[PDB]
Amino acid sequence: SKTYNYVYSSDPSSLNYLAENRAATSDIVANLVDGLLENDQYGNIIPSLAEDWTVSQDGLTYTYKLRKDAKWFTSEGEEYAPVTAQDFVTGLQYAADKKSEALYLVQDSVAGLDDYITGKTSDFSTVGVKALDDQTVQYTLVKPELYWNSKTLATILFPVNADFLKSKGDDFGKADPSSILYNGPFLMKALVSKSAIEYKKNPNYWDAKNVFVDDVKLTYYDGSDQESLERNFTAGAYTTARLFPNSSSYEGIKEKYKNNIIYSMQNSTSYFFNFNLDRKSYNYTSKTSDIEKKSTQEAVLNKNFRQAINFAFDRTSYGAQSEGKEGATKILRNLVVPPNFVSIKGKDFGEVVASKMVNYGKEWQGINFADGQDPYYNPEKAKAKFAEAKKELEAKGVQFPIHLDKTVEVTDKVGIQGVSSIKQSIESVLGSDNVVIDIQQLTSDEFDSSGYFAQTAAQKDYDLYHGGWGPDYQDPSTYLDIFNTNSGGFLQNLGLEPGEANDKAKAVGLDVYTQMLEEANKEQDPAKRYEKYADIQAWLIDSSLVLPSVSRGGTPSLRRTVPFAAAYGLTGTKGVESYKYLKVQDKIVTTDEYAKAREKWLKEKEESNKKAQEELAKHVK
């Protein structure tokens, strides 16, 4: 038997792929449930449960033909029932009925779905998903979406068996392998909080031939023993290992593995810092007075203040805490939309955003948004912006310094160094008589419930947050919509609730931002549409409501995985998240072997993408 062994860091709150928008859930379910389409090794969208599909000439009707040999299985591997088109009707009705946190992916796209979710109608037969027969599912959209098929790689568009769902009721989708049915490459054999996630290859999966490992075992990793990754790799227990050049052990590791260290490419997941614009919870704070809390509440609404923090935040120093001195810039990401995410007549998105910055003030003159460098850090600009913020805030009675709470997990030693670097950088540039970053070290449970797994904006217990977005579909709106005041998926992390559009959101212009998103979304020509989203991304950078930080990837590893065997996707949950396609080998890959494979993959990706674009036209009516 061939096994992949490594670690995981995030336990899921549930397995409810229809109701969750957290990667903690979809990273797991990517291995357990398939949707209509998936990815190949090159990022092409290829058949999954749907063996064929058509789109109408007006772009509003998508029809999918499901393969007859796809079945649902229990967690023990027993066949439950064939997959049918009705399962996609069931899945969408359930996502709507449960008010899924990912409803923004479909609520404004599928005909009638907004009316049903919001109570304008009560009958799901008016919603644009239909099972025409057992093998044929048909979606009806409100407007054309060239990116619609990419959306089927998001879990809210995955199927569910209605009888199983009914039998389970509120038990459906709990963090228990028996809470869902399986139609994907693996069965979940173990899901143990703070201990293990274990997958077993499903021998009767419709595409079992493309699953090259029989078992996947992930041991819980809390960040307290970073040397354990290479230690267990070298002992033969892990298949891969992420290296930490700051560790005392790195000198010896690099001498042993001089020809084996492999750096991954930066990918489309973007991280950024944001502020809590309407903080309600103060369990984790170093502030002791209402004047301090009100002073911070006022400061985070002040644009000059946010820009001063932006220009005082040394991203190189931050990156160096995990990547070491020489690799410090390899992870840096300077927009929310990756600069190469789309192109506009051959110009990259980030270049167009840079072009738009000329209208947002001298403080952005000459900015370059390329990955892998820090265009923000600028102490003299930061100090000048802060002086302006301080005059504005003092006129309101604000007391200085402004204390900003940032949380970190007590066991997460690299994360503690990261946040310590941001404290040092900001306080060094602006002065601790002006800003203090108060680091709150929390237990796992406290870190989870005040942050990523908080269920309301009111439970967010911090002034600064560091989270990120993985794109759900191939359009800049997947990133830029997450701050809109009507339905933004990231709004709670800013302390705001979708719908409200309250005084604080208006104070920082997020209502204007939301209106801009609405206008840009109406544009159907891709070049024009992308140009409008570039202006929207420029507005957001200028607003400094986000402080772009890092991406995933760009990091060193040792590997016994076969280079570029796995699936890859720019968006969705069927790429690197999936252990389908992945292969393991005995030999530790060399840097030179990886480089040769990378150049081969880069060349083949362009050829394959061109073929894929050709194949697309055969599907119109």
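Numbering starts at 1 and follows the sequence shown.
> Going by the B-factors listed in the PDB entry, is the mean over the C-alpha atoms higher for 358 to 366 or for 469 to 477?
Replying inline: Higher of the two, by average CA B-factor, is 358 to 366.
> Mean C-alpha B-factor higher for 66 to 74, or for 28 to 36?
Replying inline: Taking the mean C-alpha B-factor of 66 to 74 and of 28 to 36, the larger value falls to 66 to 74.
> For the listed residues 299, 344, 429, 153, which one has the largest C-alpha B-factor as given in the deposited model?
Replying inline: Out of 299, 344, 429, 153, the record gives the largest C-alpha B-factor to 344.
> Which one, 115, 461, 348, 101, has the peak C-alpha temperature factor per the PDB entry?
Replying inline: That would be 348.
> How does residue 267 rank on Cα B-factor within its chain, lowest, middle or highest third?
Replying inline: It belongs to the lowest third of the chain when residues are ordered by C-alpha B-factor.
>> Ranking every modelled residue in this chain by its Cα temperature factor as given in the entry, which third contains residue 338?
In response: It belongs to the lowest third of the chain when residues are ordered by C-alpha B-factor.
>> Taking only the Cα B-factors deposited for this chain, tell me whether residue 175 sits in the lowest, middle or highest third.
In response: Highest third - that is where residue 175 ends up once the chain's C-alpha B-factors are sorted.
> When the modelled residues of the chain are sorted by Cα temperature factor, does residue 325 land in the lowest, middle or highest third?
Replying inline: It belongs to the highest third of the chain when residues are ordered by C-alpha B-factor.
> Looking at the C-alpha B-factor of residue 54, is it in the lowest, middle or highest third of its chain?
Replying inline: Residue 54: CA B-factor falls in the highest third of its chain.
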